[PDB]
Amino acid sequence: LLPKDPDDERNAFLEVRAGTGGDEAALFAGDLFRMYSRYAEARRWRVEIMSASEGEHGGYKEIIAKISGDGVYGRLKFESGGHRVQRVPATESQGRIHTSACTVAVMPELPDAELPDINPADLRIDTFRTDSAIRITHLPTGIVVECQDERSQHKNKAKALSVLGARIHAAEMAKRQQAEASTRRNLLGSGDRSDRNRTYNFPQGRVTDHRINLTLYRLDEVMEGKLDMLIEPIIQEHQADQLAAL
RNA sequence: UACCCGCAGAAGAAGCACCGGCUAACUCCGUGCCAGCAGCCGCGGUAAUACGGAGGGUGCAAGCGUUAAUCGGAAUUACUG
RNA sequence: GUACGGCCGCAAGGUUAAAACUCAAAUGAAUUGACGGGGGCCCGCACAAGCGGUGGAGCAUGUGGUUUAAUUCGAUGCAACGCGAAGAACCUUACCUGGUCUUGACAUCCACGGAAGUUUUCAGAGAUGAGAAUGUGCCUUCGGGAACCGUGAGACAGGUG
RNA sequence: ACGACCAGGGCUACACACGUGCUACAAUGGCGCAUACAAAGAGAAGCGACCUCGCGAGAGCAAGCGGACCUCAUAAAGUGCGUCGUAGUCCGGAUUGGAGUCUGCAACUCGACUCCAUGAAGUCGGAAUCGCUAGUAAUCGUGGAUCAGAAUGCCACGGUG
RNA sequence: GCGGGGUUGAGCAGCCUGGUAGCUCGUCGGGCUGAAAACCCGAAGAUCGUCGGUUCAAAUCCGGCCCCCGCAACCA
RNA sequence: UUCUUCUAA
Ligand SMILES: [Mg+2]
């Protein structure tokens, strides 16, 4: 009955990087990615890693994936933000609590047909080491998306453009939503993609949201993909933001 | 005018600060190195006497705090010293 | 001991000498320690002297990793790794997949209704579903209870969380 | 329901990586026959002779012994002879087919063992690294617990040295 | 416009008159260390830029192209 | 002869 965001039914391009705190966050970049792998397989969604980058110490410097299926952006759009891990390092033999965090970007599946204002004069495309590596740079936004992991040039080009065109959608629809003042009533959270949304205390096994301040000692389950325990009450409060302003 | 006389009924009249230590005075609940606190040492990194609330208590009192400000403590420019 | 200025110098620079700022310390000796690619001493299959073995092979066994609906969990320098576990076909099993159950398997309390209990048929993977003969061991100025089943009420249980 | 019960699963998966073992790469050996020699334990439905039958795994009889009595119980390395003749071998045994045996509701996952066939790798192992100072190392058997069944493990025990 | 070259990941040898893919580090894995380095040990990886031809056979020889790299774009 | 380093209750 509620007027919904029509990009919710789109799928999700996904962008995870390493964060602050050292290898712990870079591990925690790789640690979170297994959960969404468990989640999207539980959600019967196809995980498609478009590009990946470790810190070569067991932790991912970054990773770009696409998760596709049924209403994938409508379940993952809330996740974009800071997410903190609290644990004890293995090189520490005293129990000094180091803390680290990571950065999340969730974008709708935006086709280039749904991107009419794309312009190759507004693009800068680099081909390097038949050369298979593709670096596409969107000139008015400065958005640079590389793809080199495929064996051929044509496969890397569409993969570097689709994430970039999603980042054009990620830039512009954020710049449309932050411009609209009364539309943010139907919005759970701040609307910026930088809030420390959820803290992971591992010795407590604690999952603690911060936008609704929902605390769970269910981390072992959640890390293995029991995440609709969290995503659904977010939407229940997100649509409570939608219903109470109507 | 001061002042004096009766008049009504407990009637018409109490608060602010603080309680980890220094420093008199504490428990409980929320809270979780967040929110905050803070003169100093310092708290909050789930069991907070230090955060917020409750009660309870301390201390002043029609004020109570805060800040600014000057000397003091400082023999910390030392004549004393 | 720096900036600026003065001073001096052939120059190098010297000399005179700040403040903004920032910290809640800085330092001094001395003490117990620890540590030393310091010194001295002593001891150790520590080295030396010896013997065999591992690492190569195959397999057992364990962990990691990976995988899994699940591969239950713990132990991971020495001092985890044929460890927990002196022995996972089921059981174990703590895990998965379904099937189920809720004063609950169980403790005790509390009534209530059948003495228990005895044999059986069928459904069902089984957890269970009605059939189905009974008994009166116990006791009583005898709810038929207690033993022992079932029902109910909550007290609570339970948890290898 | 992080509680209770049932079946089935899984705890045994599998590119790998490591630990720890076991068995090898042979002639001081292999194989065959003959023969010598323990110690310590275990045992009542037990240990189960004895004989029977089965190539054997076993099956049946069923003594005997709660055990300084009987059973387990024949120690093995060895000794003696024969044989193999320096080879992937009469080394070595992986794997796999077949066919059983036993256990236990039940051996698909997922058992142990027998028989037949099969006969990988392996011809002393890089950098490295381990153990051990005498009955020790080395090497050879035996037993025990755990245990329905099921140990190259663990715990003992002797032999040689 | 003309010359040059395009080679395991990388940077490069060999490119030899065509029967012929080496190096080094990197990588991977062990060893060493309490750990990381360093070092040691062991591993693997190339269709020789491209489209073709000549050839018994092309990295090789040849031709065209892609890429650059050099060079030259003069005299009033 | 040679011989470096150890984030953060
Ligand atoms: Mg090792």
# chains A, B, ... in the order shown; residues from 1 in each chain; ligands from 1
>>> residues_near_ligand(ligand="ligand 1", cutoff="10 Å", atoms="only C-alpha atoms (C1' of nucleotides) and all ligand atoms", output="list in words")
residues 55 of chain C; 17, 18, 19, 20 and 129 of chain D; 30 and 31 of chain E
>>> write_last_selection(atoms="N, CA and C atoms (P, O5', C5', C4', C3', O3' and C1' of nucleotides)", output="PDB file, in the first residue's frame")
ATOM      1  P     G C  55      58.940 -38.614   7.468  1.00  0.00           P
ATOM      2  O5'   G C  55      59.265 -37.237   6.755  1.00  0.00           O
ATOM      3  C5'   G C  55      58.686 -36.033   7.222  1.00  0.00           C
ATOM      4  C4'   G C  55      59.471 -34.852   6.733  1.00  0.00           C
ATOM      5  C3'   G C  55      59.839 -34.905   5.265  1.00  0.00           C
ATOM      6  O3'   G C  55      58.811 -34.388   4.449  1.00  0.00           O
ATOM      7  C1'   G C  55      61.754 -34.394   6.547  1.00  0.00           C
TER       8        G C  55
ATOM      9  P     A D  17      50.442 -30.242  -0.703  1.00  0.00           P
ATOM     10  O5'   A D  17      50.726 -29.522   0.681  1.00  0.00           O
ATOM     11  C5'   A D  17      50.863 -28.115   0.732  1.00  0.00           C
ATOM     12  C4'   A D  17      50.736 -27.621   2.140  1.00  0.00           C
ATOM     13  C3'   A D  17      51.256 -28.563   3.199  1.00  0.00           C
ATOM     14  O3'   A D  17      52.660 -28.537   3.314  1.00  0.00           O
ATOM     15  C1'   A D  17      49.165 -27.734   3.862  1.00  0.00           C
ATOM     16  P     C D  18      53.438 -29.887   3.675  1.00  0.00           P
ATOM     17  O5'   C D  18      53.431 -29.900   5.262  1.00  0.00           O
ATOM     18  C5'   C D  18      53.829 -28.751   5.987  1.00  0.00           C
ATOM     19  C4'   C D  18      53.288 -28.781   7.388  1.00  0.00           C
ATOM     20  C3'   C D  18      53.631 -30.019   8.185  1.00  0.00           C
ATOM     21  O3'   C D  18      54.920 -29.960   8.754  1.00  0.00           O
ATOM     22  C1'   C D  18      51.337 -29.519   8.440  1.00  0.00           C
ATOM     23  P     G D  19      55.725 -31.313   9.034  1.00  0.00           P
ATOM     24  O5'   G D  19      55.038 -31.913  10.335  1.00  0.00           O
ATOM     25  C5'   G D  19      55.316 -31.345  11.600  1.00  0.00           C
ATOM     26  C4'   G D  19      54.250 -31.665  12.609  1.00  0.00           C
ATOM     27  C3'   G D  19      54.322 -33.028  13.255  1.00  0.00           C
ATOM     28  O3'   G D  19      55.312 -33.100  14.257  1.00  0.00           O
ATOM     29  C1'   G D  19      52.087 -32.528  12.699  1.00  0.00           C
ATOM     30  P     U D  20      56.514 -34.146  14.111  1.00  0.00           P
ATOM     31  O5'   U D  20      55.875 -35.537  14.541  1.00  0.00           O
ATOM     32  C5'   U D  20      55.613 -35.818  15.904  1.00  0.00           C
ATOM     33  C4'   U D  20      54.341 -36.608  16.069  1.00  0.00           C
ATOM     34  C3'   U D  20      54.426 -38.081  15.726  1.00  0.00           C
ATOM     35  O3'   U D  20      54.952 -38.847  16.786  1.00  0.00           O
ATOM     36  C1'   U D  20      52.503 -37.147  14.723  1.00  0.00           C
ATOM     37  P     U D 129      67.934 -26.870  12.020  1.00  0.00           P
ATOM     38  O5'   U D 129      67.105 -28.039  12.707  1.00  0.00           O
ATOM     39  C5'   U D 129      65.697 -27.942  12.837  1.00  0.00           C
ATOM     40  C4'   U D 129      65.068 -29.301  12.974  1.00  0.00           C
ATOM     41  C3'   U D 129      65.576 -30.142  14.128  1.00  0.00           C
ATOM     42  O3'   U D 129      64.988 -29.789  15.366  1.00  0.00           O
ATOM     43  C1'   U D 129      65.513 -31.455  12.169  1.00  0.00           C
TER      44        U D 129
ATOM     45  P     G E  30      53.818 -24.468   3.204  1.00  0.00           P
ATOM     46  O5'   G E  30      54.816 -25.687   3.400  1.00  0.00           O
ATOM     47  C5'   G E  30      55.766 -25.668   4.446  1.00  0.00           C
ATOM     48  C4'   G E  30      57.074 -26.259   4.008  1.00  0.00           C
ATOM     49  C3'   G E  30      58.242 -25.973   4.929  1.00  0.00           C
ATOM     50  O3'   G E  30      58.287 -26.855   6.030  1.00  0.00           O
ATOM     51  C1'   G E  30      58.872 -25.521   2.705  1.00  0.00           C
ATOM     52  P     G E  31      58.252 -26.265   7.518  1.00  0.00           P
ATOM     53  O5'   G E  31      59.779 -25.969   7.826  1.00  0.00           O
ATOM     54  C5'   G E  31      60.754 -26.957   7.552  1.00  0.00           C
ATOM     55  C4'   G E  31      62.100 -26.342   7.303  1.00  0.00           C
ATOM     56  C3'   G E  31      62.549 -25.317   8.319  1.00  0.00           C
ATOM     57  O3'   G E  31      63.052 -25.909   9.499  1.00  0.00           O
ATOM     58  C1'   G E  31      62.962 -24.505   6.154  1.00  0.00           C
TER      59        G E  31
END
>>> residues_around(residues="range 5-19 of chain E", least_positions_apart="6", cutoff="12 Å", atoms="only C-alpha atoms (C1' of nucleotides)", output="list in words")
residues 129 of chain A; 25, 26, 27, 44, 45, 46, 47, 48, 49, 50, 54, 55, 56, 57, 58, 59, 60, 61, 66, 67, 68, 69 and 70 of chain E
>>> select_by_dssp(residues="range 76-158 of chain A", states="helix (DSSP H, G or I)", output="VMD selection string")
chain A and resid 76 to 79 120 to 122 153 to 158
>>> closest_atom_pairs(of="chain A", to="chain B", cutoff="12 Å", atoms="only C-alpha atoms (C1' of nucleotides)", output="JSON lines")
{"residue": "A:84", "atom": "CA", "partner": "B:34", "partner_atom": "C1'", "distance": 12.0}
{"residue": "A:86", "atom": "CA", "partner": "B:45", "partner_atom": "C1'", "distance": 9.1}
{"residue": "A:87", "atom": "CA", "partner": "B:45", "partner_atom": "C1'", "distance": 10.4}
{"residue": "A:88", "atom": "CA", "partner": "B:45", "partner_atom": "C1'", "distance": 11.5}
{"residue": "A:95", "atom": "CA", "partner": "B:45", "partner_atom": "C1'", "distance": 11.5}
{"residue": "A:96", "atom": "CA", "partner": "B:45", "partner_atom": "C1'", "distance": 9.5}
{"residue": "A:97", "atom": "CA", "partner": "B:45", "partner_atom": "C1'", "distance": 7.0}
{"residue": "A:98", "atom": "CA", "partner": "B:45", "partner_atom": "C1'", "distance": 9.1}
{"residue": "A:99", "atom": "CA", "partner": "B:45", "partner_atom": "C1'", "distance": 9.1}
{"residue": "A:196", "atom": "CA", "partner": "B:34", "partner_atom": "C1'", "distance": 10.4}
{"residue": "A:197", "atom": "CA", "partner": "B:34", "partner_atom": "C1'", "distance": 11.9}
{"residue": "A:198", "atom": "CA", "partner": "B:34", "partner_atom": "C1'", "distance": 11.6}
{"residue": "A:199", "atom": "CA", "partner": "B:34", "partner_atom": "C1'", "distance": 10.3}
{"residue": "A:201", "atom": "CA", "partner": "B:45", "partner_atom": "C1'", "distance": 10.4}
{"residue": "A:203", "atom": "CA", "partner": "B:46", "partner_atom": "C1'", "distance": 11.9}
{"residue": "A:204", "atom": "CA", "partner": "B:46", "partner_atom": "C1'", "distance": 9.4}
{"residue": "A:206", "atom": "CA", "partner": "B:46", "partner_atom": "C1'", "distance": 10.9}
{"residue": "A:208", "atom": "CA", "partner": "B:32", "partner_atom": "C1'", "distance": 11.0}
{"residue": "A:209", "atom": "CA", "partner": "B:34", "partner_atom": "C1'", "distance": 11.8}
{"residue": "A:210", "atom": "CA", "partner": "B:34", "partner_atom": "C1'", "distance": 9.5}
{"residue": "A:213", "atom": "CA", "partner": "B:34", "partner_atom": "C1'", "distance": 10.7}
{"residue": "A:215", "atom": "CA", "partner": "B:32", "partner_atom": "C1'", "distance": 11.3}
>>> closest_atom_pairs(of="chain C", to="chain A", cutoff="12 Å", atoms="only C-alpha atoms (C1' of nucleotides)", output="tab-separated table")
residue	atom	partner	partner_atom	distance
C:69	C1'	A:42	CA	11.4
C:76	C1'	A:90	CA	11.1
C:77	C1'	A:91	CA	11.2
C:161	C1'	A:217	CA	10.8
>>> write_last_selection(atoms="N, CA, C and O atoms (P, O5', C5', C4', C3', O3' and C1' of nucleotides)", output="PDB file, in the first residue's frame")
ATOM      1  P     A C  69      25.182 -27.516   1.322  1.00  0.00           P
ATOM      2  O5'   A C  69      23.826 -27.727   2.124  1.00  0.00           O
ATOM      3  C5'   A C  69      23.127 -26.624   2.678  1.00  0.00           C
ATOM      4  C4'   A C  69      22.712 -26.923   4.091  1.00  0.00           C
ATOM      5  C3'   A C  69      23.860 -27.247   5.033  1.00  0.00           C
ATOM      6  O3'   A C  69      24.366 -26.067   5.630  1.00  0.00           O
ATOM      7  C1'   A C  69      22.166 -28.909   5.204  1.00  0.00           C
ATOM      8  P     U C  76      44.707 -22.455  22.980  1.00  0.00           P
ATOM      9  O5'   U C  76      45.744 -22.530  21.779  1.00  0.00           O
ATOM     10  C5'   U C  76      47.103 -22.868  21.997  1.00  0.00           C
ATOM     11  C4'   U C  76      47.743 -23.291  20.705  1.00  0.00           C
ATOM     12  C3'   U C  76      48.049 -22.168  19.725  1.00  0.00           C
ATOM     13  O3'   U C  76      49.351 -21.653  19.930  1.00  0.00           O
ATOM     14  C1'   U C  76      46.915 -23.955  18.623  1.00  0.00           C
ATOM     15  P     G C  77      49.596 -20.189  20.533  1.00  0.00           P
ATOM     16  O5'   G C  77      51.143 -20.208  20.904  1.00  0.00           O
ATOM     17  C5'   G C  77      51.732 -21.379  21.446  1.00  0.00           C
ATOM     18  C4'   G C  77      52.685 -22.021  20.472  1.00  0.00           C
ATOM     19  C3'   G C  77      53.771 -22.907  21.090  1.00  0.00           C
ATOM     20  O3'   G C  77      53.637 -24.261  20.722  1.00  0.00           O
ATOM     21  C1'   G C  77      54.722 -20.950  20.089  1.00  0.00           C
ATOM     22  P     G C 161      24.026 -26.381  24.165  1.00  0.00           P
ATOM     23  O5'   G C 161      23.980 -25.061  25.052  1.00  0.00           O
ATOM     24  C5'   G C 161      25.077 -24.165  25.073  1.00  0.00           C
ATOM     25  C4'   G C 161      24.642 -22.751  24.794  1.00  0.00           C
ATOM     26  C3'   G C 161      25.662 -21.680  25.129  1.00  0.00           C
ATOM     27  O3'   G C 161      26.612 -21.507  24.095  1.00  0.00           O
ATOM     28  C1'   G C 161      23.533 -21.058  25.967  1.00  0.00           C
TER      29        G C 161
END
>>> residues_around(residues="range 42-55 of chain D", least_positions_apart="6", cutoff="7 Å", atoms="only C-alpha atoms (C1' of nucleotides)", output="list in words")
residues 63, 64, 66, 71 and 72 of chain D
>>> write_last_selection(atoms="C-alpha atoms (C1' of nucleotides)", output="PDB file, in the first residue's frame")
ATOM      1  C1'   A D  63      35.156 -79.590  29.875  1.00  0.00           C
ATOM      2  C1'   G D  64      37.681 -76.762  33.170  1.00  0.00           C
ATOM      3  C1'   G D  66      36.271 -66.604  40.006  1.00  0.00           C
ATOM      4  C1'   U D  71      41.533 -71.192  30.226  1.00  0.00           C
ATOM      5  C1'   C D  72      43.535 -66.990  27.551  1.00  0.00           C
TER       6        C D  72
END
>>> residues_around(residues="residue 113 in chain D", least_positions_apart="2", cutoff="8 Å", atoms="only C-alpha atoms (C1' of nucleotides)", output="ChimeraX atom specification")
/D:57,101-102
>>> write_last_selection(atoms="C-alpha atoms (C1' of nucleotides)", output="PDB file, in the first residue's frame")
ATOM      1  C1'   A D  57      38.197 -66.067   9.299  1.00  0.00           C
ATOM      2  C1'   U D 101      33.453 -64.615   8.437  1.00  0.00           C
ATOM      3  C1'   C D 102      31.848 -62.216  13.002  1.00  0.00           C
TER       4        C D 102
END
>>> atom_distance(atom1="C1' of residue 23 in chain B", atom2="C1' of residue 24 in chain C")
22.7 Å
>>> atom_distance(atom1="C1' of residue 12 in chain D", atom2="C1' of residue 88 in chain C")
8.5 Å
>>> closest_atom_pairs(of="chain A", to="chain E", cutoff="12 Å", atoms="only C-alpha atoms (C1' of nucleotides)", output="Markdown table")
| residue | atom | partner | partner_atom | distance |
| --- | --- | --- | --- | --- |
| A:90 | CA | E:35 | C1' | 11.0 |
| A:91 | CA | E:35 | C1' | 8.1 |
| A:92 | CA | E:35 | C1' | 11.0 |
| A:93 | CA | E:34 | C1' | 11.3 |
| A:128 | CA | E:67 | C1' | 11.6 |
| A:129 | CA | E:9 | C1' | 11.0 |
| A:130 | CA | E:49 | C1' | 8.2 |
| A:131 | CA | E:49 | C1' | 10.2 |
>>> interface_residues(of="chain F", to="chain A", cutoff="9 Å", atoms="only C-alpha atoms (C1' of nucleotides)", output="JSON, numbers by chain")
{"F": [7, 8, 9]}
>>> residues_around(residues="range 86-98 of chain D", least_positions_apart="2", cutoff="7 Å", atoms="only C-alpha atoms (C1' of nucleotides)", output="ChimeraX atom specification")
/C:58 /D:24,26,30-31,84,118,120
>>> write_last_selection(atoms="N, CA and C atoms (P, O5', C5', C4', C3', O3' and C1' of nucleotides)", output="PDB file, in the first residue's frame")
ATOM      1  P     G C  58      53.137 -40.920  -1.518  1.00  0.00           P
ATOM      2  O5'   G C  58      52.156 -42.047  -0.982  1.00  0.00           O
ATOM      3  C5'   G C  58      51.866 -43.173  -1.784  1.00  0.00           C
ATOM      4  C4'   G C  58      51.657 -44.403  -0.950  1.00  0.00           C
ATOM      5  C3'   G C  58      50.656 -44.278   0.174  1.00  0.00           C
ATOM      6  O3'   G C  58      49.330 -44.401  -0.284  1.00  0.00           O
ATOM      7  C1'   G C  58      52.581 -45.414   0.936  1.00  0.00           C
TER       8        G C  58
ATOM      9  P     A D  24      58.318 -53.644   7.522  1.00  0.00           P
ATOM     10  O5'   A D  24      58.498 -53.571   5.944  1.00  0.00           O
ATOM     11  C5'   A D  24      59.611 -52.905   5.369  1.00  0.00           C
ATOM     12  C4'   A D  24      59.240 -52.257   4.063  1.00  0.00           C
ATOM     13  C3'   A D  24      60.391 -51.771   3.204  1.00  0.00           C
ATOM     14  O3'   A D  24      60.971 -52.808   2.439  1.00  0.00           O
ATOM     15  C1'   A D  24      58.762 -50.080   3.354  1.00  0.00           C
ATOM     16  P     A D  26      66.804 -51.675  -1.697  1.00  0.00           P
ATOM     17  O5'   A D  26      67.194 -52.951  -0.835  1.00  0.00           O
ATOM     18  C5'   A D  26      67.628 -52.812   0.505  1.00  0.00           C
ATOM     19  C4'   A D  26      67.166 -53.969   1.345  1.00  0.00           C
ATOM     20  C3'   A D  26      68.089 -55.169   1.398  1.00  0.00           C
ATOM     21  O3'   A D  26      69.162 -54.995   2.300  1.00  0.00           O
ATOM     22  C1'   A D  26      65.851 -55.885   1.100  1.00  0.00           C
ATOM     23  P     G D  30      63.288 -60.646   6.724  1.00  0.00           P
ATOM     24  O5'   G D  30      62.541 -61.242   5.454  1.00  0.00           O
ATOM     25  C5'   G D  30      61.986 -60.379   4.477  1.00  0.00           C
ATOM     26  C4'   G D  30      61.701 -61.125   3.204  1.00  0.00           C
ATOM     27  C3'   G D  30      61.035 -62.471   3.379  1.00  0.00           C
ATOM     28  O3'   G D  30      59.650 -62.374   3.618  1.00  0.00           O
ATOM     29  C1'   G D  30      62.817 -62.693   1.875  1.00  0.00           C
ATOM     30  P     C D  31      59.010 -63.238   4.801  1.00  0.00           P
ATOM     31  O5'   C D  31      58.857 -64.687   4.163  1.00  0.00           O
ATOM     32  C5'   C D  31      58.223 -64.860   2.906  1.00  0.00           C
ATOM     33  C4'   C D  31      58.613 -66.167   2.276  1.00  0.00           C
ATOM     34  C3'   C D  31      58.387 -67.394   3.130  1.00  0.00           C
ATOM     35  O3'   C D  31      57.039 -67.808   3.168  1.00  0.00           O
ATOM     36  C1'   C D  31      60.510 -67.524   2.105  1.00  0.00           C
ATOM     37  P     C D  84      68.179 -71.266  -4.847  1.00  0.00           P
ATOM     38  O5'   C D  84      67.800 -69.742  -5.083  1.00  0.00           O
ATOM     39  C5'   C D  84      66.631 -69.401  -5.804  1.00  0.00           C
ATOM     40  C4'   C D  84      65.970 -68.177  -5.231  1.00  0.00           C
ATOM     41  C3'   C D  84      66.753 -66.888  -5.338  1.00  0.00           C
ATOM     42  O3'   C D  84      66.603 -66.291  -6.607  1.00  0.00           O
ATOM     43  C1'   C D  84      65.869 -67.103  -3.157  1.00  0.00           C
ATOM     44  P     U D 118      47.319 -62.283  -9.488  1.00  0.00           P
ATOM     45  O5'   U D 118      46.982 -60.736  -9.338  1.00  0.00           O
ATOM     46  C5'   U D 118      46.451 -59.988 -10.418  1.00  0.00           C
ATOM     47  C4'   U D 118      46.104 -58.588  -9.981  1.00  0.00           C
ATOM     48  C3'   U D 118      47.249 -57.763  -9.423  1.00  0.00           C
ATOM     49  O3'   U D 118      48.055 -57.192 -10.435  1.00  0.00           O
ATOM     50  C1'   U D 118      45.343 -57.531  -8.037  1.00  0.00           C
ATOM     51  P     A D 120      53.928 -53.266  -8.424  1.00  0.00           P
ATOM     52  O5'   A D 120      53.430 -51.767  -8.225  1.00  0.00           O
ATOM     53  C5'   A D 120      52.415 -51.254  -9.069  1.00  0.00           C
ATOM     54  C4'   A D 120      52.031 -49.829  -8.748  1.00  0.00           C
ATOM     55  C3'   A D 120      53.130 -48.857  -8.366  1.00  0.00           C
ATOM     56  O3'   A D 120      53.956 -48.445  -9.443  1.00  0.00           O
ATOM     57  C1'   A D 120      51.263 -48.507  -6.981  1.00  0.00           C
TER      58        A D 120
END
>>> atom_distance(atom1="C1' of residue 72 in chain C", atom2="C1' of residue 96 in chain C")
9.7 Å
>>> residues_around(residues="range 35-44 of chain B", least_positions_apart="6", cutoff="9 Å", atoms="only C-alpha atoms (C1' of nucleotides)", output="PyMOL selection string")
chain B and resi 20-22+50-52
>>> write_last_selection(atoms="N, CA, C and O atoms (P, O5', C5', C4', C3', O3' and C1' of nucleotides)", output="PDB file, in the first residue's frame")
ATOM      1  P     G B  20      31.173  10.628  43.662  1.00  0.00           P
ATOM      2  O5'   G B  20      32.520   9.800  43.793  1.00  0.00           O
ATOM      3  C5'   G B  20      32.532   8.535  44.425  1.00  0.00           C
ATOM      4  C4'   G B  20      33.899   7.924  44.355  1.00  0.00           C
ATOM      5  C3'   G B  20      35.024   8.784  44.894  1.00  0.00           C
ATOM      6  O3'   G B  20      35.141   8.701  46.295  1.00  0.00           O
ATOM      7  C1'   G B  20      35.625   7.980  42.779  1.00  0.00           C
ATOM      8  P     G B  21      35.134  10.047  47.159  1.00  0.00           P
ATOM      9  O5'   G B  21      36.674  10.369  47.354  1.00  0.00           O
ATOM     10  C5'   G B  21      37.578   9.345  47.721  1.00  0.00           C
ATOM     11  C4'   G B  21      38.953   9.665  47.223  1.00  0.00           C
ATOM     12  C3'   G B  21      39.424  11.076  47.508  1.00  0.00           C
ATOM     13  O3'   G B  21      39.955  11.208  48.808  1.00  0.00           O
ATOM     14  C1'   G B  21      39.824  10.555  45.246  1.00  0.00           C
ATOM     15  P     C B  22      39.206  12.126  49.883  1.00  0.00           P
ATOM     16  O5'   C B  22      39.916  13.535  49.717  1.00  0.00           O
ATOM     17  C5'   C B  22      41.317  13.639  49.884  1.00  0.00           C
ATOM     18  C4'   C B  22      41.917  14.605  48.902  1.00  0.00           C
ATOM     19  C3'   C B  22      41.384  16.021  48.962  1.00  0.00           C
ATOM     20  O3'   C B  22      41.931  16.780  50.015  1.00  0.00           O
ATOM     21  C1'   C B  22      41.482  15.316  46.717  1.00  0.00           C
ATOM     22  P     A B  50      29.193   6.472  39.098  1.00  0.00           P
ATOM     23  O5'   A B  50      30.416   7.367  39.575  1.00  0.00           O
ATOM     24  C5'   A B  50      30.210   8.719  39.964  1.00  0.00           C
ATOM     25  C4'   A B  50      30.964   9.698  39.092  1.00  0.00           C
ATOM     26  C3'   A B  50      30.856   9.481  37.585  1.00  0.00           C
ATOM     27  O3'   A B  50      30.855  10.748  36.936  1.00  0.00           O
ATOM     28  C1'   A B  50      33.122   9.382  38.244  1.00  0.00           C
ATOM     29  P     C B  51      29.473  11.504  36.630  1.00  0.00           P
ATOM     30  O5'   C B  51      29.043  10.945  35.211  1.00  0.00           O
ATOM     31  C5'   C B  51      29.532  11.540  34.026  1.00  0.00           C
ATOM     32  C4'   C B  51      28.772  11.041  32.834  1.00  0.00           C
ATOM     33  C3'   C B  51      27.268  11.168  32.944  1.00  0.00           C
ATOM     34  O3'   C B  51      26.803  12.453  32.598  1.00  0.00           O
ATOM     35  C1'   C B  51      27.816   8.987  32.250  1.00  0.00           C
ATOM     36  P     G B  52      25.853  13.240  33.615  1.00  0.00           P
ATOM     37  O5'   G B  52      24.419  12.586  33.382  1.00  0.00           O
ATOM     38  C5'   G B  52      23.722  12.801  32.166  1.00  0.00           C
ATOM     39  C4'   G B  52      22.492  11.940  32.055  1.00  0.00           C
ATOM     40  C3'   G B  52      21.609  11.847  33.287  1.00  0.00           C
ATOM     41  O3'   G B  52      20.744  12.954  33.452  1.00  0.00           O
ATOM     42  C1'   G B  52      21.975   9.693  32.438  1.00  0.00           C
TER      43        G B  52
END
>>> residues_around(residues="range 25-31 of chain A", least_positions_apart="5", cutoff="10 Å", atoms="only C-alpha atoms (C1' of nucleotides)", output="PyMOL selection string")
chain A and resi 16-20+36+53-63+83-86+99-104+200+223
>>> write_last_selection(atoms="C-alpha atoms", output="PDB file, in the first residue's frame")
ATOM      1  CA  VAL A  16      33.556  -3.373   0.194  1.00  0.00           C
ATOM      2  CA  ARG A  17      37.003  -2.065   1.188  1.00  0.00           C
ATOM      3  CA  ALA A  18      39.437  -2.338   4.070  1.00  0.00           C
ATOM      4  CA  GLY A  19      39.102   0.222   6.835  1.00  0.00           C
ATOM      5  CA  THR A  20      40.884   1.790   9.790  1.00  0.00           C
ATOM      6  CA  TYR A  36      26.806 -11.840   2.456  1.00  0.00           C
ATOM      7  CA  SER A  53      41.763  -7.194  -3.909  1.00  0.00           C
ATOM      8  CA  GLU A  54      43.426  -8.584  -0.827  1.00  0.00           C
ATOM      9  CA  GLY A  55      45.942  -6.980   1.430  1.00  0.00           C
ATOM     10  CA  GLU A  56      47.817 -10.293   0.815  1.00  0.00           C
ATOM     11  CA  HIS A  57      47.785 -10.978   4.579  1.00  0.00           C
ATOM     12  CA  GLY A  58      44.507 -12.867   4.561  1.00  0.00           C
ATOM     13  CA  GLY A  59      42.485  -9.668   4.465  1.00  0.00           C
ATOM     14  CA  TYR A  60      40.804  -7.983   1.475  1.00  0.00           C
ATOM     15  CA  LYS A  61      42.122  -4.495   0.552  1.00  0.00           C
ATOM     16  CA  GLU A  62      38.777  -4.289  -1.269  1.00  0.00           C
ATOM     17  CA  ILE A  63      36.268  -6.251  -3.322  1.00  0.00           C
ATOM     18  CA  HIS A  83      30.528  -0.983  10.533  1.00  0.00           C
ATOM     19  CA  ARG A  84      32.823  -1.577  13.488  1.00  0.00           C
ATOM     20  CA  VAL A  85      34.580  -4.698  14.785  1.00  0.00           C
ATOM     21  CA  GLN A  86      35.737  -5.112  18.389  1.00  0.00           C
ATOM     22  CA  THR A  99      39.012  -1.889  17.420  1.00  0.00           C
ATOM     23  CA  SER A 100      38.519  -1.609  13.659  1.00  0.00           C
ATOM     24  CA  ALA A 101      35.815  -0.867  11.091  1.00  0.00           C
ATOM     25  CA  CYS A 102      34.888  -1.023   7.395  1.00  0.00           C
ATOM     26  CA  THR A 103      33.156   0.917   4.610  1.00  0.00           C
ATOM     27  CA  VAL A 104      30.029  -0.276   2.786  1.00  0.00           C
ATOM     28  CA  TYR A 200      30.695  -6.223  16.144  1.00  0.00           C
ATOM     29  CA  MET A 223      27.838 -14.089  10.396  1.00  0.00           C
TER      30      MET A 223
END
